[PDB]
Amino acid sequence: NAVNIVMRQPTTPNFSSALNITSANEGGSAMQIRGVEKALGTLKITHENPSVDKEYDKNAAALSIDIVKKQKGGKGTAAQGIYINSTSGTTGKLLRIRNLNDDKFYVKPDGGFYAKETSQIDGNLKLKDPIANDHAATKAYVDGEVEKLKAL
């Protein structure tokens, strides 16, 4: 590697990081990365459990994002967490989530999603009237069928 940074194991765990980056310039990205990989991530992050115990790292993550107001006097913020785009257009999955090398959840380049297991919304779902037999029925579709039976 052109540059390698290593933080060795300390005597006792502490809050220090191998690399810390701060910018006070509002007009540019604090950090940028560009690469040209054939078959890998431009940025690869790996979290490894420090412990043999399979629950030890329940509160850890590979990537943690926080979105905050101005420290002194701030009235709030409207900043976004993660923004993904393709200014050229891609035919690849925009977001692809796996576990044990199996596709679990993804977002297609058209915005349609796939979830591998039973899911929950604590609210309503607005969508189009069903075409196929395995499409979700709308209240309209149901009420239209009921109207025809009520007529006879």
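When you see a residue number, it is the position in the sequence shown, counting from 1.
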Mean C-alpha temperature factor, higher of 92-100 and 120-128: 120-128
Of 48-56 and 66-74, the one with larger mean CA B-factor: 66-74
Assigned third (lowest, middle, highest) for the C-alpha B factor of residue 24: middle
Entry-reported Cα temperature factor of residue 5, expressed as the chain third it lands in: middle
